[PDB]
Structures are given as C-alpha cells and as structure tokens.
Amino acid sequence: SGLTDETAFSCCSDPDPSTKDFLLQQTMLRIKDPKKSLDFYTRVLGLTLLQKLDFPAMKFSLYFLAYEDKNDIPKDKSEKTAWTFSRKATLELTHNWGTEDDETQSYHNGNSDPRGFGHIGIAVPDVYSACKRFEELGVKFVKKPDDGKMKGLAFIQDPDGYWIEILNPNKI
Amino acid sequence: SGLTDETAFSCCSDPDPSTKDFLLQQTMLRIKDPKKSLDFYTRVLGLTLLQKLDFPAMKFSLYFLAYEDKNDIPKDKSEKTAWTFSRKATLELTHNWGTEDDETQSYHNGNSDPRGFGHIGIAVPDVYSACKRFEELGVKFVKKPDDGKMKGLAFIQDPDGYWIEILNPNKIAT
Ligand SMILES: C#Cc1cccc(N(O)C(=O)CC[C@H](NC(=O)CC[C@H](N)C(=O)O)C(=O)NCC(=O)O)c1
Ligand SMILES: C#Cc1cccc(N(O)C(=O)CC[C@H](NC(=O)CC[C@H](N)C(=O)O)C(=O)NCC(=O)O)c1
Ligand SMILES: [Zn+2]
Ligand SMILES: [Zn+2]
C-alpha cells in the first residue's frame with residue numbers, strides 16, 4: 001500500500017519541549033573479535049576510538065568509536081566518559097569475552113532471516129574513489145556502486161559481516 | 001579475559017587522509033508499521049522527520065528522522081535530499097509495503113538468538129524524568145532505570161520491539 005506523504009507527515013508531532021535536548025548518541029553492534037573490528041573501523045573507515053570500557057564482573061567490553069579528532073578526547077577517565085557519552089553519532093561495539101575463541105559463534109547482521117536491523121551508513125565525498133580504495137584494501141563487498149538497483153551507493157561488510165552503506169549526500 | 005588496553009589501542013590506526021570528512025550518517029531499521037513508528041519517534045522521542053522516500057517499483061518507503069529543527073529542512077527536493085543525507089546521526093526506517101497487514105510478520109530486534117544489533121541510544125538530561133514521561137505516555141519498557149544490572153540507564157521499545165537506550169552522560173550508570 002505505502003503511505004502518502006500527507007499521511008506520513010500527519011503522523012509527525014512537533015517535539016515536546018522536554019525532548020529538545022535529546023540527542024542520538026549511539027548505535028550498538030555486537031562484535032566477535034575487537035582486534036579485527038578496531039582495525040577495520042579505524043584503518044579502513046577512519047573512525048577514532050573514543051573509549052574502551054571493561055566490565056570484568058559481567059565479562060564484556062565496550063568500544064565507542066566516532067568521527068572525532070583524537071586530540072579532543074579528555075585524558076582523565078571521568079572527564080573522558082562524560083565527553084564520550086555526550087558525542088553525537090558514536091558507534092558502540094560490544095565484545096562479549098571469549099567469542100573470538102569460539103569457532104561455533106557468530107553474530108547475525110539482520111539482512112537475512114530473521115531480518116530487522118539493516119546497516120549503518122557513511123557519508124563520503126566520493127563513493128567511487130572510496131570503494132576503489134576499499135577494493136585495494138581487500139574489503140568485502142555486498143554491493144559495488146554500480147551493481148544492484150540503486151546506482152552510486154555501496155554496501156561493504158565489517159569483520160562480523162554487518163552491512164555498511166557508502167553514500168554521497170550530494171548525488172542522490 | 002578480554003583485551004588489554006595495550007592490545008586494543010595497538011589495533012587502532014590513525015585515520016587515512018582519504019577518510020577526511022567521512023561522517024556516520026545513518027542507522028537503518030526495518031519497520032512493520034510506519035504509522036506507529038513515526039508517531040513513536042516524533043511524539044515520544046522528539047525526533048523530526050527530515051524526508052520521506054518512496055520506491056513504488058520495489059514497494060518500500062524510507063523515513064529519515066533526526067534531532068533537527070523542522071525549519072532547517074530545505075523545501076526544494078534536491079536541496080532537501082542533500083541536506084538530509086549530510087546530517088549526522090539520522091535514523092532510517094525502512095517500510096516494506098504490506099507488512100502492517102500481515103499478522104504473522106514481525107522483525108527481529110537482535111537481542112535474542114540470533115543476536116547482532118543491540119540498540120540505538122538517546123542521551124538525555126535526566127533519565128528518570130524522561131522515563132516517567134515515557135511511562136505516562138504508555139511506552140513499553142525492557143528495563144526501567146533502576147532495574148537490571150546497570151542502574152540509571154533504561155531500555156524502552158519502539159513499535160517493532162527494537163531496544164532504545166536512555167542514558168545521561170553526566171550521570172553514568174552504576
Ligand atoms: C545514496 C543514497 C541513498 C538514497 C536513498 C536511500 C539510501 N539508503 O541509505 C538506503 O539504505 C537505500 C538502500 C536500499 N534499501 C532497500 O532496498 C530497503 C528495502 C529492502 N527490501 C529491505 O528490506 O532491505 C537497498 O538496500 N538497495 C540495494 C540496491 O540498490 O541494490 C541511500
Ligand atoms: C549511561 C550509560 C552507559 C554506560 C555504559 C554503557 C552504556 N551502554 O550504552 C550500554 O550499552 C550498556 C548496556 C548493557 N550492555 C551490555 O550488558 C552488553 C553485553 C551484553 N551481554 C550483550 O550482549 O548485549 C546492558 O544491556 N545492560 C542492561 C542492564 O543494565 O540490565 C551506557
Ligand atoms: Zn549502548
Ligand atoms: Zn540506508
């Protein structure tokens with residue numbers, strides 16, 4: 001069926017004043033092996049590791065990455081934490097300890113049964129130059145820019161197989 | 001055991017110059033019913049609908065929401081599109097047509113087998129006041145602020161059952 005524009009925007013309320021300072025701070029993905037994930041997101045995609053949080057009692061770690069200047073990261077732990085969680089658009093990678101050593105274990109990327117989550121997306125100045133570099137670095141592709149239905153956008157995968165869209169906001 | 005700081009920090013490369021101006025623009029979630037979802041994300045959570053995209057041949061729509069001023073949205077379609085997709089931290093809701101009419105259909109939130117995706121998280125000035133309003137609005141909870149293992153953060157659910165974390169950066173959990 002699909003919604004008309006008028007129906008859709010009619011379902012949209014103006015923000016309640018109590019929500020005016022809310023910000024979309026994080027997207028969380030579970031990762032099998034942070035050694036592989038951290039290398040991918042920093043070296044291939046150019047994100048910065050803001051903070052590493054460990055929870056020994058609960059046997060997991062959290063890695064928060066974002067497009068931020070590392071020199072802006074506060075050194076003091078408490079000041080670092082308050083800064084990290086106040087950033088927009090961070091990526092939280094969750095490491096349940098031991099998964100990297102378990103050959104039977106893997107996470108699900110949400111694009112096959114059972115579906116839900118789809119992807120994260122990166123805005124880039126140039127999809128084609130970006131994917132050419134990706135190709136040279138051995139990155140695995142779901143969708144090269146000119147394949148599939150929508151031309152000029154790409155899907156690559158991280159070491160867990162999560163889809164990452166590559167897009168140019170000025171060519172859509 | 002888990003990685004030492006030293007191992008972890010050693011796996012991090014400085015950004016390649018070619019990655020300059022890269023930004024984390026969107027998180028995409030599939031939604032059963034855009035009527036419920038748009039109402040939830042705008043009225044309950046205070047996000048703004050930036051742009052609606054329809055693809056009739058493939059029978060799906062895309063809804064991009066973000067914490068942005070409605071008045072900053074360009075009126076012209078081409079200018080609107082370039083603006084929407086240049087925003088940081090947008091939420092893309094994907095509606096495959098017909099799902100809302102199929103009582104057997106539902107999406108998986110990634111927090112049960114098979115796990116993967118976990119949640120999106122909203123930073124708020126006050127988790128407790130935010131969750132009190134959520135309760136008052138009939139919002140469904142996974143984890144009220146002082147329940148579960150980490151105190152002072154909450155998980156609520158959207159109409160598809162996706163987890164949304166509620167957190168206060170100036171009042172860290174536990
Ligand atoms: C540039 C650009 C641009 C323009 C519009 C939308 C998007 N993004 O952010 C998409 O995710 C659309 C992706 C699209 N999304 C869908 O098709 C969603 C519907 C699908 N049935 C699903 O459930 O995933 C897809 O996966 N296409 C693959 C292709 O073209 O080969 C980007
Ligand atoms: C404020 C704040 C704050 C501080 C630290 C971390 C976080 N975030 O964003 C979390 O995701 C922690 C959530 C946590 N995440 C995990 O426990 C990660 C490991 C888990 N086994 C998994 O796979 O998700 C969880 O689900 N706990 C809920 C509860 O308290 O009962 C927020
Ligand atoms: Zn989180
Ligand atoms: Zn997308």
Side-chain angles (χ1 to χ4, degrees), chain A residues 25-31 51 53 55 58-62 64 81-82 84-86 90-97 99 107 110-112 115-124 127 142-155 163 165-172, chain B residues 25-31 51 53-55 57-64 81-82 84-85 90 92-97 99 107 110-112 115-124 127 142-155 163-174:
Chain A
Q25 191 274 323
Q26 56 173 64
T27 294
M28 188 287 255
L29 303 174
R30 293 178 182 85
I31 55 160
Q51 195 171 358
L53 289 77
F55 301 86
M58 294 163 280
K59 308 291 166 36
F60 75 89
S61 304
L62 299 179
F64 288 83
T81 306
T84 294
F85 282 96
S86 54
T90 75
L91 185 69
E92 172 187 9
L93 306 180
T94 293
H95 177 221
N96 290 302
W97 295 355
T99 48
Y107 289 114
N111 294 291
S112 57
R115 299 200 304 173
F117 171 73
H119 54 263
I120 50 165
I122 309 293
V124 304
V127 177
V142 163
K143 184 202 169 296
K144 295 200 173 189
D146 293 336
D147 297 340
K149 310 157 16 209
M150 301 171 71
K151 309 292 162 187
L153 71 82
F155 286 105
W163 292 18
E165 202 180 48
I166 307 297
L167 71 88
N168 183 351
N170 298 317
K171 300 187 189 177
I172 302 178
Chain B
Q25 192 273 322
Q26 55 172 63
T27 296
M28 188 286 255
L29 301 173
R30 293 178 181 85
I31 54 159
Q51 195 170 358
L53 283 73
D54 298 292
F55 300 85
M58 295 307 303
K59 305 198 156 171
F60 75 90
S61 304
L62 300 179
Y63 302 87
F64 287 83
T81 305
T84 293
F85 282 95
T90 74
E92 173 187 11
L93 307 180
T94 295
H95 176 221
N96 291 302
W97 296 355
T99 48
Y107 289 116
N111 295 307
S112 57
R115 298 197 302 172
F117 172 74
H119 55 264
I120 50 165
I122 310 294
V124 304
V127 175
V142 162
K143 182 203 167 296
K144 296 199 173 189
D146 293 337
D147 296 339
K149 55 186 185 198
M150 299 173 71
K151 310 293 164 317
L153 70 80
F155 287 104
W163 291 17
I164 298 171
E165 202 181 49
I166 308 298
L167 71 88
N168 185 352
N170 298 317
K171 303 285 150 168
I172 301 305
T174 301

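Whatever order the structure lists ligands and atoms in, that order sets their numbers, starting from 1. The analysis underlying the following values was restricted to heavy atoms, covering all of them including side chains, and did not include hydrogens, waters or symmetry mates. Throughout, protein chains are lettered first and strands after them, A, B, ... in sequence-line order, and every chain is numbered starting at 1.
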Practice task
Would you indicate whether the side-chain heavy atoms of A/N96 and B/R115 approach each other to under 4.5 Å?
Solution key: yes
Practice task
Answer whether the closest heavy-atom distance between the side chains of B/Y107 and B/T99 falls below 4.5 Å.
Solution key: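 Yes, at least one pair of side-chain atoms sits under 4.5 Å.
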How far is [atom] from its nearest protein heavy atom, and which residue and atom name does that atom have?
atom: atom 4 (C) of ligand 2; result: A/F85 CZ, 3.6 Å
atom: atom 6 (C) of ligand 2; result: A/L62 CD1, 3.5 Å
atom: atom 17 (O) of ligand 2; result: B/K149 NZ, 2.9 Å
atom: atom 29 (C) of ligand 1; result: A/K143 CE, 3.4 Å
atom: atom 16 (C) of ligand 2; result: A/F60 CZ, 3.7 Å
atom: atom 20 (C) of ligand 2; result: A/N96 OD1, 3.7 Å
atom: atom 28 (C) of ligand 2; result: B/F155 CE1, 3.5 Å
atom: atom 1 (C) of ligand 2; result: B/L167 CB, 3.4 Å

Practice task
Please test B/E92 against B/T90 for side-chain contact (heavy atoms from CB on, under 4.5 Å), starting from the C-alpha separation and ending with a verdict.
Solution key: CA-CA 7 Å; B/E92 173 187 11; B/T90 74; 5.6 Å; no
Problem - Atoms in ligand 2 with a heavy atom of B/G148 nearer than 4.0 Å - result: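 Selected atoms, number and element: 31 (O).
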Practice task
Between B/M58 and ligand 1, find which residue part has any heavy-atom pair under 4.0 Å and reply side chain, backbone, both or neither.
Solution key: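 The answer is neither; B/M58 stays 4.0 Å or more away.
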Is it the side chain (CB and beyond), the backbone, both or neither of [X] that lies under 4.0 Å from ligand 2, heavy atoms counted?
X: A/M28; answer: side chain
X: B/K151; answer: neither
X: B/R115; answer: side chain

So is [X] polar-close to ligand 2, meaning N/O to N/O under 3.5 Å?
X: A/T94; result: no
X: B/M150; result: yes
X: B/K171; result: no

Examine distances only and state if a side-chain atom of [X] and a backbone atom of [Y] form a donor-acceptor pair shorter than 3.5 Å.
X: B/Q25; Y: B/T84; result: yes
X: B/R30; Y: A/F117; result: yes
X: B/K151; Y: B/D146; result: no

Distance (rounded to the nearest 0.5 Å) between [X] [atom1] and [Y] [atom2]:
X: A/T81; Y: B/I172; atom1: OG1; atom2: CD1; value: 6.0 Å
X: A/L62; Y: A/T94; atom1: CG; atom2: OG1; value: 5.0 Å
X: A/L29; Y: B/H119; atom1: CG; atom2: NE2; value: 9.5 Å

Practice task
Could you tell me the angle subtended at the Zn ion (ligand 3) by NE2 of B/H119 and NE2 of A/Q26, rounded to 10°?
Solution key: 90°
Practice task
Please indicate whether any nitrogen or oxygen in A/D147 is less than 3.5 Å from any nitrogen or oxygen in ligand 1.
Solution key: no
Exercise for the section: Ignoring angles and geometry beyond distance, decide whether B/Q26 reaches within less than 3.5 Å of ligand 1 through its nitrogen or oxygen atoms. Expected result: yes
Problem - B/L153/B/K143 under side-chain contact (heavy atoms from CB on, under 4.5 Å): CA gap, chis, key distance, verdict - result: CA-CA 8 Å; B/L153 70 80; B/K143 182 203 167 296; 4.0 Å; yes
Handout entry: Any B/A173 heavy atom less than 4.0 Å from ligand 2
Key = yes
Practice task
Check each of A/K144, A/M150, A/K149 against A/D147 using the side-chain contact (heavy atoms from CB on, under 4.5 Å) test, and report the only one that passes.
Solution key: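 Output: one option passes, namely A/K144.
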Practice task
Hey, can you tell me if B/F55 and B/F60 have their rings parallel, tilted or perpendicular (30° and 60° cut-offs)?
Solution key: parallel
Practice task
Name whichever N, O or S atom of A/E92 ends up nearest to the Zn ion (ligand 3).
Solution key: OE1
Handout entry: Ligand-residue contact atoms, ligand 1 with A/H119, heavy atoms, under 4.0 Å
Key =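 The atoms of ligand 1 under 4.0 Å from a heavy atom of A/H119 are 11 (O).
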Handout entry: Numbered atoms and elements of ligand 1 in range of B/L53, under 4.0 angstrom, heavy atoms
Key =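 Answer, ordered by atom number: 5 (C).
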Handout entry: Atom NZ of A/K171: over 12 foreign heavy atoms under 6.0 Å
Key = no
Exercise for the section: Please report the closest heavy-atom contact between A/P169 and A/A123, naming both atoms and the distance. Expected result: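 Between these two residues, the closest heavy atoms are CD-CB, 4.1 Å.
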Problem - Nearest heavy-atom neighbours spanning A/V127 and A/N168 - result: CG2-N, 3.5 Å
Exercise for the section: Report the member of A/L153, A/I172, B/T84 with the shortest heavy-atom distance to atom 32 (C) of ligand 1. Expected result: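 Looking at heavy atoms only, A/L153 sits closest to atom 32 (C) of ligand 1.
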Exercise for the section: Could you name the option among B/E92, A/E165, B/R30, B/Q25 that has the heavy atom nearest to atom 24 (O) of ligand 1? Expected result: B/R30
